[PDB]
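Working notes, beginning with the structure itself.
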Amino acid sequence: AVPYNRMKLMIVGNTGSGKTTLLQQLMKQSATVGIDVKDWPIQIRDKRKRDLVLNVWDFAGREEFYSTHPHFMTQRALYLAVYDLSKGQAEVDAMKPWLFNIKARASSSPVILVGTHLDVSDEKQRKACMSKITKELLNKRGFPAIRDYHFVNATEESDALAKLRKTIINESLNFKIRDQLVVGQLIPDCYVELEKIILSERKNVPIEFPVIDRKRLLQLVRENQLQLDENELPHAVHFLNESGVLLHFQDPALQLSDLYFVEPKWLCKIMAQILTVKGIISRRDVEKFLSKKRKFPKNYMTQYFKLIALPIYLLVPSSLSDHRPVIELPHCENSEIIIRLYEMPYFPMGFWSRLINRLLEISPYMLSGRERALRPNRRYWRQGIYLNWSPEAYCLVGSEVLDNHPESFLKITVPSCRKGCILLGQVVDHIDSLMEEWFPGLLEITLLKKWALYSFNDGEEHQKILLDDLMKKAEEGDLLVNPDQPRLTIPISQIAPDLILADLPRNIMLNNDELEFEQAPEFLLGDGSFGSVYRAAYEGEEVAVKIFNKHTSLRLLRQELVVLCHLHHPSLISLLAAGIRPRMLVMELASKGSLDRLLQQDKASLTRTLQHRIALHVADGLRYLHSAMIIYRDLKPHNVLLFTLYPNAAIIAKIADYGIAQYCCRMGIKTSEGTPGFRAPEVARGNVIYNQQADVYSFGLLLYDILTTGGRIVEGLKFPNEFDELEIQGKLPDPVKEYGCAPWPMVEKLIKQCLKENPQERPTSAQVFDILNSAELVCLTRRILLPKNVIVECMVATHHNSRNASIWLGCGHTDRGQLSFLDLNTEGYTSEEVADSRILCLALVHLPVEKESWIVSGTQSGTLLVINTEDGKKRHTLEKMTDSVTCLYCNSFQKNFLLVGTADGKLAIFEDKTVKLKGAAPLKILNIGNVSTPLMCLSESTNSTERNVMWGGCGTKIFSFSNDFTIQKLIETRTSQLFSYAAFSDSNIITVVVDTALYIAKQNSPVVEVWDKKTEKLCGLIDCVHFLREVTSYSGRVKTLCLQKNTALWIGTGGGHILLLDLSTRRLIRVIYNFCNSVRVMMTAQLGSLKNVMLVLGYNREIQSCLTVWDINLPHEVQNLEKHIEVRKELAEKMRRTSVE
Ligand SMILES: COc1cc(C(=O)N2CCC(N3CCN(C)CC3)CC2)ccc1Nc1ncc2c(n1)N(C)c1ccccc1C(=O)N2C
Ligand SMILES: Nc1nc2c(ncn2[C@@H]2O[C@H](COP(=O)(O)OP(=O)(O)O)[C@@H](O)[C@H]2O)c(=O)[nH]1
């Protein structure tokens, strides 16, 4: 819409050049600490161009501030350059580090070089050097687009600055980015409106910490609604970030997405305060760095911002000593040390701050923190480090300048011993890891040149050989021959030990005499990103040989070794040998192929148990990898190798193909390597830096593929373009609804929790394994939520085993009995008002004659509704009991009988064959108790098929009956022997289950009583709250009780807990919670030839009654899993211990 005449201006230069005083003359000064931001309203007299306003920055020239400048140096700018002329011609050459860094970070930027001090300096000498470098700049590929040059006088307003100012305004209008003019570019009016509110809020934002969260910005934009949207806001924020009026850091590694900085000048001043408030540091900085340090002003804001001080307690990169401290090496013999100079054209801006930060780990001899070695006598200075463990094991990474060489070096000074070779192997890997991630400009194709120093004889000249030439000589032979005479030779293991893989442990090395290998394309096991895998025999075994191709440097091979020869785990593949002469790695053999071959062509052996261990083992490997500061980035259902398809085994899954695995420290990673279709959203974009949590999204996609049995991969094979776009976006479909899989209610919760767009909301790899370690995650098949505000007190499962799996619910949320039909495989809920009063309990009666199926109902009024299961117009009521009906349990001795439990202790037996009559009479009305004692405790005996005695309970009494319909026992329960637990023993009985003894539950009774049927005495008193005391008047009731056949006892508490008691003697197997608020009804059902389901109905309290379906195999699963985890804990410790030893 309206033109946007805003441009950001940057002024760079070395200290003493006069960058600030130059700006002062144009806009018409002891030092420029930090960065000084200004506004420059300039009017273009020529034509009718809008009055330009320039956000001028005054980048400091003092060498201590150079570490944090590049982060505030971005595109959309017109960089100046100031060089002093009193120095002569060396000052122009001294600007070269400044010029190189500008082009590296700001590729499209019209740099103008501006001189100074014309009053007391010459120009002819400077012009000779200035013209030479710019002629050498157009053919350098590292310099910026220098398209001007000037010489400017002192602070007095002379004619020279008039030309300089005219140049800047002309250059800014001539500036073009993406073939479009930056100054005056068209822009939507909404973005300009957002700029206005930010400026207004900048004036009243707190000065101690100026920032607004996402909530504040959301509230402001909502009440304005200046033609904005919810998805156009990130575009608006990013555009304002480029201009320079709102700094937003959306990098997932930084975790600063929520915060919106509305004060760019404040952000560049914090670094100045830290510096000006060495070898020795004190606690003064963390205590009284500024007057804003207090309890509340330094609690919420301090957790938001971090900026290299690892907790110990402060060591900033800019306070280190300028010059190298005095040091003395144990020896200086030319044949006792190893030197690995890195000749580079220029030190990158902030290179040494990161390298010093990275090399502050202490585990070079026991990787992954297996054994924290002795703290070395570390020495600190601006460009270098001096880790020193022993007089025979030291490293001296540090800068060095040689005579007649304007370039910079990176001298390593490791010793020529076994511990010297180990250190050089790791230091070089970490240096190459930094320059691959953070400084790709140096590794651009060949600016960097790596030299290895060797000396045939001590005392002679210490010569140089380019390392790539040594690599070609190393592959043709293991010895170095002197061209002058072959009499004297030195090995390659003393010049470049890492070249010939001499730093690896002696346990793994290619003994090429017991290795029977055939490269013929018949023993082929697959392919890979950079190699091929072949079958082979190593020391009389079966191995998989990874052989690399011609287009592969040793850096690629070493990138795999750092994760393979240092980390040992049952879920990570391991090496047996590694050579360089044929350039192969010898790996373990996955017996039954990669997981992809199982998903597609073997969709018959994937049970719900095997799928869990595969997801568990991969998340187990990720937890170890992420705990060793290593990211994977290549998690696909191709790299998950299976060793055996047995649900109960020590090792099942395994992770391989560590081809693009690189270290991911607290600074994060920047490269975007990966496989299309399996990448996290942050990995898909190439403009952000992501942390290790980006790998969790990749695991979630793998877990998504496991659940759907590779449905997504097959669908994406037809349209690869949509495969990458949909996975990266995150609008993935619901798995159970579309692809047609068996429901898994709380791994779909895990998938939707670890696939969130915001990386901070994704669970850590250590938390995903904890969730997957839940033993109830395997045996919870289904979970249904009933409609809002329904109170169902009874249920029954239609058990014909072949007709239809359905649940019949008697609702009670209204004062009129509603009998509801629930279709389990469809989740179709329908109700029907059939009774005047609430229905208390239901029961299914099945007559084998004529295949008639009927269900009986019990109402509080007293009626007994009977309706056919299939026919909906077969209602016929029986004669009403004296009082309410509470239990209708039906079982056969022979003859099918329908026991009726009336609320006045009156059990009237009714004949199942008599249900067809529309109104009948009880066969024999037996009396157990009076009206005051309810009879609501019917049960049966499942032991030894003893369908003779049917133990029940009336009030606080125990009763029984047989086919003779006589009471064989009437046992009193009101009296308590201990006389202390009588309060919870003075309530009426609820439910009884019998296997060999009697288990008694009472209202509001946290105790369950075990009574022997032979001695009529309470054998045991199990206190439920005793078992809940470890996990927590109290919500520890016993509202339902179900007894599995011969394995365990399921006790359901009123607080939503489920107790699995080991039926052997006493043991508590497990306690289950965080899924329901009040368990009400529990029973065992069988559904669709898939038996062993324990229907648990509870209210998730607005009352949401949840009907979750478990497996009665759970008491075995909880014990099986913990033994399985315990075994893999021993293997993990054994493998790590033997490696570190
Ligand atoms: C017995 O071990 C495996 C067998 C199979 C497999 O089912 N076949 C079936 C038939 C097929 N060929 C038959 C003969 N010819 C016609 C060519 C085609 C290939 C082999 C597939 C994989 C097997 N095991 C295996 N272990 C370790 C790996 C790895 N893979 N490779 C290929 C890797 C793949 C991905 C990531 C890492 C690796 C890996 O590093 N290693 C060491
Ligand atoms: N470049 C320049 N500097 C001058 C001149 N006359 C005096 N100076 C001094 O140079 C200093 C310039 O400081 P400056 O380099 O801008 O500080 P910095 O931005 O922190 O490096 C001022 O403090 C002046 O006292 C002049 O003619 N040219």
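Residue 151 fails exactly one of the following numbered conditions: (1) in the same structural domain as residue 10 (by TED's automatic domain parsing); (2) among the hydrophobic types (A, V, I, L, M, F, W, C); (3) surrounded by fewer than 16 Cβ atoms within 10 Å (Cβ to Cβ); (4) over 18 Å from residue 52 (Cα atoms). What is the number of that condition?
Unmet condition: (3).
Before we move on, is residue 423 part of a loop (DSSP other than H, G, I, E, B) and buried (at least 18 other Cβ atoms within 10 Å of the Cβ)?
No; evaluated as a whole, the condition is false for this residue.
Counting just the residues of segment 513-535 that are farther than 25 Å from residue 660 by Cα and among the hydrophobic types (A, V, I, L, M, F, W, C), which one comes out nearest to ligand 1 (Cβ to nearest atom)?
Restricting to residues being farther than 25 Å from residue 660 by Cα and among the hydrophobic types (A, V, I, L, M, F, W, C), the top hit is 523.
Search segment 311-327 for residues that are acidic (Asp, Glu) and pair each with any residue that is in a loop (DSSP other than H, G, I, E, B) when their beta-carbon atoms are under 6 Å apart and the residues are at least 6 apart or on different chains.
322/382
Quick one: which of 976, 939, 944, 962 is assigned to a loop (DSSP other than H, G, I, E, B), buried (at least 20 other Cβ atoms within 10 Å of the Cβ) and among the hydroxyl-bearing types (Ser, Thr, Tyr)?
939
Kindly indicate the residue of segment 508-549 that is polar (S, T, N, Q) and surrounded by 14 or more Cβ atoms within 10 Å (Cβ to Cβ) and also nearest to residue 674 (Cα to Cα) among those meeting that condition.
Here the residue is 532.
Take segment 633-656 and flag every residue that is more than 13 Å from residue 572 (Cα to Cα), surrounded by 20 or more Cβ atoms within 10 Å (Cβ to Cβ) and away from ligand 1 (no atom under 12 Å from the Cβ).
Passing the criteria: only 633.
What is the residue count in segment 239-270 for residues that are out of contact with any helix residue (DSSP H, G or I) (no Cβ under 7 Å at 6 or more places or on another chain) and either loosely packed, with under 14 Cβ neighbours inside 10 Å or not β-branched (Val, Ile, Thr) (or both)?
So the count comes out to 15.
If a residue counts only when it is within 25 Å of residue 682 (Cβ to Cβ), of a type outside the set (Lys, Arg) and within 27 Å of the chain's Cα centre (by Cα), which helices (runs of 4 or more DSSP H) contained entirely in segment 197-281 have at least 2 such residues?
233-243
Which of the residues that make up segment 579-597 are surrounded by 23 or more Cβ atoms within 10 Å (Cβ to Cβ) and part of a helix (DSSP H, G or I)?
Across segment 579-597, the qualifying residue is only 595.
Of all residues in segment 657-682 being surrounded by fewer than 23 Cβ atoms within 10 Å (Cβ to Cβ) and among the hydrophobic types (A, V, I, L, M, F, W, C), which is farthest from residue 569 (Cα to Cα)?
So, considering only residues that are surrounded by fewer than 23 Cβ atoms within 10 Å (Cβ to Cβ) and among the hydrophobic types (A, V, I, L, M, F, W, C), the one farthest from residue 569 (Cα to Cα) is 667.
From 837, 802, 861, 820, grab the single residue that is in a strand (DSSP E or B) and small (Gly, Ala, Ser).
Exactly one of 837, 802, 861, 820 is in a strand (DSSP E or B) and small (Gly, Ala, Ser), namely 820.
Among the candidates 586, 562, single out the residue that is under 19 Å from residue 660 (Cβ atoms) and either more than 13 Å from ligand 1 (Cβ to nearest atom) or within 32 Å of the chain's Cα centre (by Cα) (or both).
After ruling out the rest, the residue left standing is 562.
For the list (1) surrounded by fewer than 12 Cβ atoms within 10 Å (Cβ to Cβ); (2) closer than 26 Å to residue 575 by Cα, I need the number of the one condition that residue 484 fails.
Looking at each condition in turn, residue 484 falls short on (2).
Output the qualifying pairs, or none if there are none: Cβ atoms under 6 angstrom, residues six or more apart or on different chains, first residue in segment 919-938 and at positive phi, second residue aromatic (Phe, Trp, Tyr).
none
Show me the strands (runs of 3 or more DSSP E) found entirely inside segment 1028-1095 where at least 3 residues are closer than 17 Å to residue 990 by Cα.
Those strands (runs of 3 or more DSSP E) span 1040-1043, 1048-1052, 1079-1087.
Being over 47 Å from the mean Cα position of the chain (by Cα), surrounded by fewer than 13 Cβ atoms within 10 Å (Cβ to Cβ) and more than 16 Å from ligand 2 (Cβ to nearest atom) is the filter here; which residues of segment 28-58 pass it?
41, 43, 45, 46, 47, 48, 51
Condition first: polar (S, T, N, Q) and either farther than 17 Å from residue 166 by Cα or within 16 Å of ligand 1 (Cβ to nearest atom) (or both). Now tell me which residues in segment 6-32 satisfy that.
14, 15, 17, 20, 21, 29, 30, 32, listed by residue number.
Residues are listed down the side, and each one gets a yes or a no for (1) in the same structural domain as residue 526 (by TED's automatic domain parsing); (2) under 26 Å from residue 532 (Cβ atoms); (3) touching a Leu at 6+ places or on another chain (Cβ under 9 Å); (4) in a loop (DSSP other than H, G, I, E, B):
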| residue | (1), (2), (3), (4) |
| --- | --- |
| 611 | no, no, yes, no |
| 616 | no, no, yes, no |
| 625 | no, yes, yes, no |
| 648 | no, no, no, yes |
| 651 | no, yes, yes, yes |
| 658 | no, yes, yes, yes |
| 661 | no, yes, yes, yes |
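Conditions: (1) surrounded by 17 or more Cβ atoms within 10 Å (Cβ to Cβ); (2) within 12 Å of ligand 2 (Cβ to nearest atom); (3) farther than 30 Å from residue 246 by Cβ. Residue 61 meets all but one. Number of the miss?
Every listed condition holds for residue 61 apart from (3).
Numbers and lists here come from the model and the stated rules, or from a named source; no laboratory instrument gave them. Cβ: placed from backbone, ideal geometry, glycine included. Neighbour counts: every protein chain shown.
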